[PDB]
Amino acid sequence: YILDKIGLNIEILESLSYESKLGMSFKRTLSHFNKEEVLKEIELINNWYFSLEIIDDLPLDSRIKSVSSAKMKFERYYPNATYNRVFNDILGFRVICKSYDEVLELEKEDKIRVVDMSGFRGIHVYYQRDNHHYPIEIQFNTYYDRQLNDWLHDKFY
Ligand SMILES: Nc1ncnc2c1ncn2[C@@H]1O[C@H](COP(=O)(O)CP(=O)(O)OP(=O)(O)O)[C@@H](O)[C@H]1O
Ligand SMILES: [Mg+2]
């Protein structure tokens, strides 16, 4: 299990799932959500991540989406985007694998959805407890895709 080897077994993935307070299923489209309240919730997720001790103990590169980056991503996708498709990356990790084969087997699990992309390249894995929790993003990248991604960063930004 590539996830269990990295630290991200199901108990950890579950205790990392932030339970929304917005009363809204994340299968609804952005049109149904109160932007003022969403942004507040992101502030609280921010505060919650910067106090977690289990992320410290994890051998992983991690990032929380800032309230400013969520606000941009919200307006960029309003009104007809699904919420669990836009805000599927609020908490995110980045790892390198020796191969992609064993990553694409995570599709066959429950609660794990996989988005293959092998300008850029790589494989994104999403754990979502249920439809009123935020999904955790995991970007996988062999050395071949990680150096192409980093090199494209230099000629873009
Ligand atoms: N899953 C991740 N794990 C670790 N670092 C990440 C991850 N995703 C993004 N980052 C880094 O954090 C920066 C900020 O990401 P961001 O502000 O949330 C927009 P980003 O996720 O890169 O693209 P969108 O998903 O389209 O908004 C990125 O430019 C990366 O350097
Ligand atoms: Mg992202």
# chains A, B, ... in the order shown; residues from 1 in each chain; ligands from 1
>>> residues_around(residues="residue A:59", least_positions_apart="2", cutoff="8 Å", atoms="only C-alpha atoms", output="PDB file with N, CA, C and O atoms, in the first residue's frame")
ATOM      1  N   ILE A   6       3.595   5.506   3.191  1.00  0.00           N
ATOM      2  CA  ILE A   6       3.939   6.949   3.320  1.00  0.00           C
ATOM      3  C   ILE A   6       3.439   7.503   4.665  1.00  0.00           C
ATOM      4  O   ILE A   6       4.000   8.502   5.112  1.00  0.00           O
ATOM      5  N   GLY A   7       2.487   6.845   5.330  1.00  0.00           N
ATOM      6  CA  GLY A   7       2.009   7.399   6.578  1.00  0.00           C
ATOM      7  C   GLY A   7       0.508   7.559   6.532  1.00  0.00           C
ATOM      8  O   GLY A   7      -0.133   7.709   7.573  1.00  0.00           O
ATOM      9  N   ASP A  57       4.409  14.782  12.446  1.00  0.00           N
ATOM     10  CA  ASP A  57       4.996  13.448  12.459  1.00  0.00           C
ATOM     11  C   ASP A  57       4.973  12.755  11.091  1.00  0.00           C
ATOM     12  O   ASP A  57       5.397  11.597  11.010  1.00  0.00           O
ATOM     13  N   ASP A  61       5.364  16.274   2.144  1.00  0.00           N
ATOM     14  CA  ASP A  61       5.271  17.725   1.851  1.00  0.00           C
ATOM     15  C   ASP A  61       3.780  18.060   1.832  1.00  0.00           C
ATOM     16  O   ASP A  61       3.063  17.431   1.061  1.00  0.00           O
TER      17      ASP A  61
END
>>> residues_near_ligand(ligand="ligand 2", cutoff="12 Å", atoms="only C-alpha atoms and all ligand atoms", output="list in words")
residues 62, 63, 64, 65, 66, 69, 70, 73, 85, 86, 87, 88, 89, 90, 91, 92, 93, 94, 123, 124, 125, 126, 135, 136, 137, 138 and 139 of chain A
>>> residues_around(residues="stretch 27-36 of chain A", least_positions_apart="3", cutoff="9 Å", atoms="only C-alpha atoms", output="PyMOL selection string")
chain A and resi 22+24+39-41+71+74+77-86+131-132
>>> residues_around(residues="residue A:142", least_positions_apart="5", cutoff="12 Å", atoms="only C-alpha atoms", output="list in words")
residues 94, 95, 96, 97, 98, 99, 100, 101, 103, 118, 121, 122, 123, 147, 148 and 149 of chain A
>>> write_last_selection(atoms="C-alpha atoms", output="mmCIF file, in the first residue's frame")
data_model
loop_
_atom_site.group_PDB
_atom_site.id
_atom_site.type_symbol
_atom_site.label_atom_id
_atom_site.label_comp_id
_atom_site.auth_asym_id
_atom_site.auth_seq_id
_atom_site.Cartn_x
_atom_site.Cartn_y
_atom_site.Cartn_z
ATOM 1 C CA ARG A 94 2.979 15.773 -2.591
ATOM 2 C CA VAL A 95 4.997 12.551 -2.925
ATOM 3 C CA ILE A 96 7.299 10.758 -5.341
ATOM 4 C CA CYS A 97 6.728 7.106 -6.288
ATOM 5 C CA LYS A 98 8.987 4.671 -8.098
ATOM 6 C CA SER A 99 6.121 3.848 -10.487
ATOM 7 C CA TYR A 100 2.544 4.737 -11.324
ATOM 8 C CA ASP A 101 1.136 1.172 -11.593
ATOM 9 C CA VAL A 103 -0.957 4.191 -7.488
ATOM 10 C CA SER A 118 0.598 10.996 -16.671
ATOM 11 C CA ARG A 121 1.874 15.483 -15.801
ATOM 12 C CA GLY A 122 1.181 13.314 -12.749
ATOM 13 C CA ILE A 123 -1.505 11.436 -10.765
ATOM 14 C CA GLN A 147 11.428 17.299 -12.914
ATOM 15 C CA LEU A 148 9.225 18.151 -15.928
ATOM 16 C CA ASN A 149 6.702 19.890 -13.572
#
>>> closest_residue(among="A:5, A:155, A:133, A:146", to="residue A:17", atoms="only C-alpha atoms")
A:133
>>> select_by_dssp(residues="stretch 79-135 of chain A", states="strand (DSSP E or B)", output="list in words")
residues 82, 91, 92, 93, 94, 95, 112, 113, 114, 115, 116, 123, 124, 125, 126, 127 and 133 of chain A
>>> closest_residue(among="A:2, A:68, A:46, A:106", to="ligand 1", atoms="only C-alpha atoms and all ligand atoms")
A:68
>>> atom_distance(atom1="atom CA of residue A:116", atom2="atom 26 (O, counted along the ligand's line) of ligand 1")
15.2 Å
>>> closest_residue(among="A:15, A:42, A:109, A:37", to="ligand 1", atoms="only C-alpha atoms and all ligand atoms")
A:42
>>> select_by_dssp(residues="stretch 2-157 of chain A", states="helix (DSSP H, G or I)", output="ChimeraX atom specification")
/A:2-6,10-15,30-32,35-49,67-77,83-86,101-108,143-156
>>> closest_residue(among="A:67, A:16, A:23, A:104", to="ligand 1", atoms="only C-alpha atoms and all ligand atoms")
A:67
